[PDB]
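In structure tokens, the next block holds one chain alone, the form deposited in one PDB entry.
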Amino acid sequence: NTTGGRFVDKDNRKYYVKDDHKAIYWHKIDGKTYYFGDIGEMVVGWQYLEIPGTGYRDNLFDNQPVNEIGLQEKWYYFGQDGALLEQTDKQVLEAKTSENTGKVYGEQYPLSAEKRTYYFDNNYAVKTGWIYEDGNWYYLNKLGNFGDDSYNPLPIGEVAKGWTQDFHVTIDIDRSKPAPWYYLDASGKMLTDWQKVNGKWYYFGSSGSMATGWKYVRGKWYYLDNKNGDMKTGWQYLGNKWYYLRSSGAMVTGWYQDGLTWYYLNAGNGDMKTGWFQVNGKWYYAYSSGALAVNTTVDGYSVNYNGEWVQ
């Protein structure tokens, strides 16, 4: 807690001077918190700053050495008086834009008439990640917009919409950890179970993560694209074996007739069978294409209209 000082207005800026030295970075002054930057100019409004509390950026004055430290940056909101908004739940505030962030006391900037509901963590920074609100899950952006060299932290903390990947993020993305896919609706609601997006079907389960590969959902087997997740139908060559999935996407087992041709999908895994196989005591022969032989001979041996072997 900083004491023995005084706020001073000068040069269309504001400072906190004690013993004739300017205050810098974070300071607790009389039950309130302020951030005076690198040269002492008090900040107002939306600010993207290193997290306070470590002491490496706290209770410092312009006459002391500033230490090298690797601290994560986060969004904070200060009032027009310079006092930090110590909110830990939610609050409606002016939207974060390209022209109301990083301003100092004295600097006049347009007030965004657009107001948004921002959420805060227990340390007064804008919350990121998942949040539950009225029986639904929303995702607040963990990362800004990336570029070849450009990074815009402005979207951090905003309600995500559409296809969104959830990364493990501290200061940078952790590419060693998984990053599932989610879809937030036109109001940010996380989608669950089966959903049709852009004409194709996707399964999000009960947790919301997009499914990939084979998935057993309510007694049926489905195949979601191994990478893009969209549901497959019809004949599919997966794992060097053949499978037929209905228009509903449900895998087919047993006998199936495509037009006039008969195929047999193995009972267990539904893989198409070839060559000689036996169903309920009787024998059948299926060509390389999986098509069943009917009313013909196979190596001299005869099969009737049902494909059954007739001694």
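Only the largest set of C-alpha atoms that superpose within 1.5 Å between the two forms is called the rigid core. Note that residue numbering begins at 1 and tracks the sequence as displayed.
Omitted here: the form deposited in another entry. The next part is about that form.
- Among the candidates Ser187, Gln108, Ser206, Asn240, the CA atom that moves 2 angstroms or more between the shown form and the other one after core superposition belongs to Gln108 alone.
- Once the rigid core is overlaid between the shown form and the other one, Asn266 does not reach a Cα shift of 2 Å, moving by less than that.
- Remark: with the core as the superposition reference, the CA shift of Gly249 between the shown form and the other one stays below 2 Å.
- Core-aligned CA deviation for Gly55 between the shown form and the other one: 2 Å or greater.
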